[PDB]
4 protein chains.
Amino acid sequence: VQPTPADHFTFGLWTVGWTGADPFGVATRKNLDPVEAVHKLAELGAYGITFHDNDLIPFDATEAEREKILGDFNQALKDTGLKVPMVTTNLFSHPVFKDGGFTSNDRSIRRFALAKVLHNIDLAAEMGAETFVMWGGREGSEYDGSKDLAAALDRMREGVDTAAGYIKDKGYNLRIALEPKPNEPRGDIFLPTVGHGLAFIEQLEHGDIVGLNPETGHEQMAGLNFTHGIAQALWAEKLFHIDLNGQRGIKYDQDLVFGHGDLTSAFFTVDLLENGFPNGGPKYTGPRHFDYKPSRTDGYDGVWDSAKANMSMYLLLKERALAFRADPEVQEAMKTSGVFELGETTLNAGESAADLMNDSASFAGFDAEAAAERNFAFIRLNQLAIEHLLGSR
Amino acid sequence: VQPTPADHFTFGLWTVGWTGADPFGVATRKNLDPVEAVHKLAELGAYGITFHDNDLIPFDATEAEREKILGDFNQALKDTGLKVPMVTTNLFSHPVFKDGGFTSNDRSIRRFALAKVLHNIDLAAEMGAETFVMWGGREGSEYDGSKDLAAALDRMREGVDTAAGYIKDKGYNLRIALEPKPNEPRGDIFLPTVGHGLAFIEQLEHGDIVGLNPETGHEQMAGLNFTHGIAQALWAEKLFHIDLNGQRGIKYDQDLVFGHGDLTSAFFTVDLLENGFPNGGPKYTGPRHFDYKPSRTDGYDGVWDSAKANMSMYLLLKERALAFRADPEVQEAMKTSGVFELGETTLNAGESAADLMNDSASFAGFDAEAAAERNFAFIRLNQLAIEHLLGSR
Amino acid sequence: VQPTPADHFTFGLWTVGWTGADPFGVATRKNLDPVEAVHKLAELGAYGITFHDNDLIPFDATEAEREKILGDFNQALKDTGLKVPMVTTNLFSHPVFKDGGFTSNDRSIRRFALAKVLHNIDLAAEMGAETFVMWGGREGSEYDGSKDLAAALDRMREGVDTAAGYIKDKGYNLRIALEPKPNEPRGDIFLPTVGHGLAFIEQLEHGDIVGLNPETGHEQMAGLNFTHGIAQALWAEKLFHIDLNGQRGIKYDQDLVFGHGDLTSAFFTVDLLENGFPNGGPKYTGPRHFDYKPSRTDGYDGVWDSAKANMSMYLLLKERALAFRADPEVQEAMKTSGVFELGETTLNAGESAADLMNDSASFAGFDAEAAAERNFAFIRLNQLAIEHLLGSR
Amino acid sequence: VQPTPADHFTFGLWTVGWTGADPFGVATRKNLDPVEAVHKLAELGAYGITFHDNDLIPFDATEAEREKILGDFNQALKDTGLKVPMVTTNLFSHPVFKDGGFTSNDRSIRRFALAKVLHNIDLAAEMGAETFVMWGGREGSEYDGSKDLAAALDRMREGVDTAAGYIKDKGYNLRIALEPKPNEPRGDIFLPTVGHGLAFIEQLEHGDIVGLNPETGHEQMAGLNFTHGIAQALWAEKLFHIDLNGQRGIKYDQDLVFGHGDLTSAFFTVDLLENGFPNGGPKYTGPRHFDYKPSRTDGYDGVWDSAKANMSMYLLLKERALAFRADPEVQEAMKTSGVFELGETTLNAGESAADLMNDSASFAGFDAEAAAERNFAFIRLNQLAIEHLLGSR
Ligand SMILES: OC[C@@H]1N[C@H](CO)[C@@H](O)[C@@H]1O
Ligand SMILES: OC[C@@H]1N[C@H](CO)[C@@H](O)[C@@H]1O
Ligand SMILES: OC[C@@H]1N[C@H](CO)[C@@H](O)[C@@H]1O
Ligand SMILES: OC[C@@H]1N[C@H](CO)[C@@H](O)[C@@H]1O
Ligand SMILES: [Mn+2]
Ligand SMILES: [Mn+2]
Ligand SMILES: [Mn+2]
Ligand SMILES: [Mn+2]
Ligand SMILES: [Mn+2]
Ligand SMILES: [Mn+2]
Ligand SMILES: [Mn+2]
Ligand SMILES: [Mn+2]
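A brief report on the enclosed structure follows. (Residues numbered from 1 in each chain as written, not as in the entry; some residues may be left out. Chains lettered and ligands numbered in written order. Heavy atoms only, no water. Residues with missing side-chain atoms left out of burial classes, pairs and counts.)

Right, let's talk about helix α7 (residues 194–201) of chain D for a bit. Residues and elements named next belong to chain D. Counting buried positions along α7 yields 8 of 8 residues, so the element is predominantly enclosed. Among the residues of α7, those classed as buried are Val-194, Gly-195, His-196, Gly-197, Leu-198, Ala-199, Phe-200 and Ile-201. N-cap assignment for α7: the residue whose side-chain oxygen lies 3.4 Å from the backbone N of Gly-195 is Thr-193. (Buried < 20%, exposed > 50% of the residue type's maximum accessible area, 1.4 Å probe, protein only. Helix = DSSP H or I, 4+ residues; strand = E, 2+ residues; numbered from the N terminus. Polar contact = N/O pair within 3.5 Å; in protein donor to acceptor, adjacent residues only side chain to side chain.)

The structure is reproduced here in structure tokens:
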């Protein structure tokens, strides 16, 4: 398994550039020059790079400095061929965002945060990005009385609709994607899961260009099924981007390499991305982006090893998932379990409610105890899946 | 604290009628006659009763028997004055529903399940219920390959839209409410949280009459903030009913008496229900329904004690929450923390995106480091809330 | 793969005999005869069968029925050659155990539970069991004021020490193993994890013959690392028996097939059980017991598929764990990461605390900045395990 | 309320000195001078102050700086009268501890970490501390193949036993206390719960002077009951010190003010610390230490508000716990539930296992169906605690 640009593997600058600072200790690695991240990622088979405005351009950069940096960064892109499919804003690091950007209690701070976002949209637009991601990191609270919850959602809506409205106004070919996270750094973050993100989108004036950016580990932080979460996003056609990584339980956001967390779950995510739905339906065609952090214990050879580990894991899973669905044995198991029967409408063509209620075969004389006898054989289907995954079939 | 019908305390028949059978042991209490539950609940101050079709009418009841039972149950209602505000269907107990009702893999079972629901709507309509609740208990899976996830959501939609369509067709003054649960009895249940329920509703043809029925313990089972979840439902105006209980962590569905789980959270739920949003907004005006189970260790005096404990806890919380918001000290704390400033729109009247981006006060010359100096004083606000709760103020 | 008796694969009667009654519904399968059970497991490659007293002998059974049942059961053992390596007592099913066996608040129930255990030691001894397991499923509470916590542990000690003294007094060749569980069916169960069980054993009079019986799923319900927990039990030489199964997350006890939960973790559990420690040390030599439940959606063909599935999963993982450790690249990766260096004592032979302190090379003139540069290469070592597990190397 | 030194309220320098740098952003407050800290806590009613070696003495400090810093610090102690009851070592901040102190894979780091601890015992002894706390924050791993689990525990034992032998050898009047944590910053930390710490202590050569230092929040991160866990440490006579704080759920370590997490649990923790056991037994007599962090959204007025808040919360709950137990209705409710009956031994004075077995009244002729009817009235007893806690009785 050798990744090629065709594979569409994208990495964030903050991923491989992650310094090692955690809540209990300082950085273990020296800062990484962005030019060098580009060159290194290009040599590994990456297709593109993504960043946060402050990952590239310092908060206090002068204009001459801003120009220099972009010149260097575009030079690296031009020399290597890397694309920049997504750009994002840092609304969490500076002490000004301690209560949030868009949902800060302070109105002057909310204004500043939306201005930071609008300028960042211009940047994204000039970099040629297709997606613009919003992670509301500091949006939430530690205490239930800190906020007016209907007012926090109005202020969130205001911000996203101003940003969406501006995109349309300028005619940029950009979509907004929201990234849910249940907690950390706040005790409770607003729009904590894929479901809440989807629900909020439907209340927006400019919801047509607003979608989701689910992250593996974040749904697993609420103990949810990541594959089910992204299936719901797909089904609603709001899967605009994805962040792949690993999480080993309900605890702090680990951001491990993709497949280094829940393996079986990783396996079914890849099947969903590659094979789509058994009965057909929408398919995700965007970048396969890794939002992970090289463990702080590892030094620079470890940083490039971990980058590579993401792409290897994905390709190894993909091979197995393709083999899995191609197996005649598996296709037979699927049939028996009623995976294909779930695809059939419950009602007959032009059958009404009333028609079903008096159909005696369906209710009045339906043999409930004979129907309960079906052996779904879901265990055998799971065993087959795991045998493909272990490459023993 | 003495509950009166005015309070709108509703109880399910299965709550006080819960027998004590769990996964590791048999029933510890004898079955409770429904007539006796009515009479007992009436004497305690209940406003009404709710039930599942099979809580009242056995699965295999003959027509003569069905008639008898309803006659007895309506007699009890007439004698005591209890209303029946909500009715629900059991799509989980019989062995036929082992893979679900609406999303079973077997099409004949899906047909039977929707027929069971349609007949149950007629029943609800003749009982004078305002709400009809759907809990998809067996809808989900243990294994990721068991289902076609886009097909499971199409089949879920079919069912709910047929039911919604039928309501409109018959002209019943009934609303449908979905109840989310993350897991148990399935490893993963579809529409696992308030957020996912809300998101699914927006894909329905008849979504105008479909809302939510969040249960305290169920959101706490994913480690979410129940108050935030219901605030999102309110804000979207989809809070059609609620099930109040307690949960002491991420573990099996406990269904403890309301306030016997997370107390501080219970306190802020009650404030939200009673006081509404600090800056104004929608208010929940339906029944305050308890979906709990008297612990299996307790015998019949314990059953009526626990019923009473629900209503006492609610009234005690309500007193404290009303006192809390009325306190001048608390109103001052709120002001300082910017609870009222969150209510102000971020943008000025007729201010555009572009207007904000060039306003130099808001970005270019905004003093980020002086703005970061604000002391939100959220700890002091929480301390005041807890002092009201402990009745020390 | 194909299992044989030399593999030491043991199953409980209650596993394959699990009929499907959960808290939300009735049984989906017919009762399994115990003689059928024995013949079927023996045909599958099993080495032994385990049981709870009431799995074989009904609570009500007269002395005549006891003897009839045992005689048929012993014949089947005889005909097949299956051993009975472990025996256990049901102290959780019957309503009398609603507040516990050994720690019930009621003194007369405590005496009855102890008598029940004493009788069961005699049947255990008589069957040839080497281990007697005690799972305190009803020992605990829902509310914190329910028990005197010091008195609960004294009563727990008293039961265990009487059971252990009785073995010693009779000279039975039996050991007691305690099975930890954090919750379910109690809100909080006493001795909730491997650590707490281990700690308790040290306060016993007859501690020398009391060890543990860890269960995969149970430590995973507190979000703990199962391999770390069994490592500590081994290390302390207290790993007397084991229950292997799967669990996906912190939720209700699932008891899935071993390998159908956390796959990566299952792999490293197999590596510690089969292979032991990289620097050498203790080894677990007992039965590989499976405590699982065949999913209720499946029929009897699924029950027998699932028993096979436990054994295949373990053998597949065993193969992979062997290949992984045998790999020269892995051994070299292990060396780089300091795996073997951890095995060297910190102090030199004869060195004292005072010698280490004043050694200027270990403290005063130690270059902490230089030592921090070490690449431990833990991501790379984890990637090599995963590739071995995917059968990619 | 108002706290006084007789209350034994102790705070760590790192608590009020916590500047706000989290994993997603920089400090929001200015550094706190340690002399300012002492004066301010002494003005608040505190009895003592605790610290980590690097909280006072920088890692880099020369011998001259060490002495200057200590002299100013000792003066402040002198001027205020605050004691220094506990001292601890930072083995987690500096990059050299990226794989642990005592269990680092690197032998030279292990020696450096032990020397660092030995030097710190000398400063502890010299300050008048009675307790020396050890929190192994970097001891553990992200991946299961990273460590030899038996070698990790031997190295952990070796460090602790050298530290304990050195105290004994010098005749310092000091005890070692281990602080358990399940994860963060490591994916899995060794000795993750109270049980595991307790179990480990029993494998030590110098176990007699080694106990535990439970922290509220940490046991709650594994979803465990904190009162049950401290009860077992007490019971074993290993509760040497304690850290009190708040945590809302299984997520990142929050370290909220004590009482701002799980309120009901906080109440029952206060009842065990102040009041002890209902049937009598052990009592914890040490300092009531608060290990928390003032929320980063608040300024210095919030820091001092939060220190006050810890002390008020504890005193408010203490009042309520006293009134609760003193209440004659509660005492009578306790009696009904068997709280005092649990305190009676199961066996009669002189009775043997063989006597209990053959007593026909305890087994053979016991009416299990009659005994099962007992109403334990645990819901009613929990309701009485809650009403006392709400200051309603
Ligand atoms: O890939 C997207 C980025 N990932 C970061 C953390 O999850 C966010 O700031 C943002 O959504
Ligand atoms: O109050 C509603 C009822 N509660 C039960 C369990 O939560 C469901 O069947 C249904 O939603
Ligand atoms: O194999 C062990 C047995 N398994 C059951 C479930 O955990 C227990 O009763 C007992 O410990
Ligand atoms: O008060 C105890 C201290 N608290 C810190 C955080 O848990 C530890 O380093 C140490 O155990
Ligand atoms: Mn993340
Ligand atoms: Mn991300
Ligand atoms: Mn529930
Ligand atoms: Mn409910
Ligand atoms: Mn189990
Ligand atoms: Mn078990
Ligand atoms: Mn902590
Ligand atoms: Mn601590």
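From this point, things continue past the structure.
A word on the relation of the copies chain B and chain A. Of the two same-sequence chains, chain B is brought onto chain A (RMSD 0.0 Å, axial shift 0.0 Å) by a rotation of 180 degrees. Both copies of the chain, as the preceding transformation shows, are related through a two-fold rotation axis. When the interface residues of chain B are mapped onto chain A, 100% of them again lie at the interface, so the same face is used by both copies. (Least-squares fit on C-alpha atoms. Contact = heavy atoms within 4.5 Å.)

Turning next to the interface of chain C and chain D. The interface is formed by 101 residues belonging to chain C together with 101 residues belonging to chain D. Counting the surface chain C buries against chain D, the share from its top three residues, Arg111(C), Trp235(C) and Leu342(C), is 9%. Linking chain C with chain D are 6 salt bridges, by the criterion used here. Where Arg374(C) meets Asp106(D), a salt bridge forms, and the shortest distance between an N and an O atom there is 2.8 Å. The interface formed by chain C and chain D holds 52 residue pairs in polar contact in total. Sorting the residues of the side of chain C that touches chain D by element identifies α5 (107–127), α6 (149–170), α7 (194–201), α9 (226–235), α10 (263–275), α13 (353–358), α14 (368–371) and α15 (378–389) of chain C as the ones contributing at least two each. No other element matches the 12 residues that α5(C) contributes to the side of chain C that touches chain D. (Buried area = accessible area lost by both parts, 1.4 Å probe. Salt bridge = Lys/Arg side-chain N within 4 Å of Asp/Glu carboxyl O.)

This next bit is on the coordination of the manganese ion (ligand 8). Residues and elements named next belong to chain B. Donor atoms from the polypeptide that bind the manganese ion (ligand 8) are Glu-179 (OE), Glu-215 (OE), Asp-243 (OD) and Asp-291 (OD), placed at 2.0 to 2.3 Å. For the manganese ion (ligand 8), the 6 donor atoms in the first shell make angles of 69 to 166 degrees at the metal, so the coordination geometry reads as irregular. Between the donor residues of the manganese ion (ligand 8), the gaps in sequence give the motif E-x35-E-x27-D-x47-D. Between the manganese ion (ligand 8) and the manganese ion (ligand 7) the interatomic distance comes to 5.1 Å, and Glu-215 is a ligand of both metals. Of this pair, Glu-179 sits in strand β6 (residues 175–179) while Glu-215 sits in the loop between β8 (210–212) and α8 (216–220), and the two are 36 residues apart along the sequence. The pair formed by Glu-179 and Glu-215 is uniform in burial state, with each residue classed as buried. (Donors = N, O, S within 2.8 Å, 3.2 Å for Na, K, Ca; no water. Tetrahedral: all angles 85-135°; square planar, octahedral: opposite > 155°, others 65-115°.)

All names here are of chain C. Looking at ligand 3, there are 13 residues lining it, with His-52, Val-133, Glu-179, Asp-243 and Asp-291 nearest. Between an oxygen atom of ligand 3 and a side-chain N or O atom of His-52, the distance comes to 3.1 Å. Interatomic distance of 2.5 Å between a side-chain N/O atom of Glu-179 and an oxygen atom of ligand 3. Here ligand 3 loses 95% of its free accessible area of 300 Å² to cover by the protein chains. Broken down by class, the residue content of the shell around ligand 3 amounts to 5 nonpolar, 4 polar and 4 charged. (Near = heavy atom within 4 Å. Areas by Shrake-Rupley, 256 points an atom, 1.4 Å probe, with all protein chains shown as cover. Nonpolar A, V, L, I, M, F, W, Y, C, P; charged D, E, K, R; others polar.)

Turning our attention to the sheet that holds strand β2 (residues 48–52) of chain A. All names here are of chain A. Read across the sheet, 8 strands follow the order β8-β6-β4-β3-β2-β1-β10-β9 without closing on themselves; strand pairing throughout is parallel. Each of the sheet's edge strands pairs with one partner strand only, and the pair in question is β8 (210–212) and β9 (243–244). Where β9 meets strand β10 (residues 288–290), 2 bridges bridge the pair, whose relative direction is parallel. Bridging across to β10, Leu-244 finds its partner in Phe-290. Where helix α11 (residues 300–326) meets the sheet, it contacts β1 (9–12), β9 and β10, and its direction lies at approximately 145 degrees from that of β1. (Pairing = 2+ DSSP bridges. Axes fitted to C-alpha atoms, helices over the stretch in contact; angles between N-to-C directions.)

We now examine the packing of aromatic side chains. The description of an aromatic ring pair rests on the distance of the ring centres and on the angle between the ring planes. For the structure shown, the criterion picks out 80 aromatic pairs over all chains. Relative to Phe324(D), the ring of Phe268(D) has its centre 6.2 Å away and its plane inclined at 90 degrees; by these criteria the two rings are edge-to-face. A residue pair is termed long-range when its members are at least 10 positions apart, and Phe268(D) in helix α10 (residues 263–275) and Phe324(D) in helix α11 (residues 300–326) qualify at 56 residues. Each member of the pair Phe268(D) and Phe324(D) is classed as buried. Ring pairing ties together the aromatic residues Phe9(A), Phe11(A), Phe258(A), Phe290(A), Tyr292(A) and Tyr314(A), which thus form one cluster. One cation-aromatic arrangement involves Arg175(A) over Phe240(A); the distance from NZ or CZ to the ring centre is 3.7 Å. (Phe/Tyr/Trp six-rings, centres within 6.5 Å; stacked < 30°, edge-to-face > 60°. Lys NZ or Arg CZ within 6 Å of the ring centre and 35° of its normal.)

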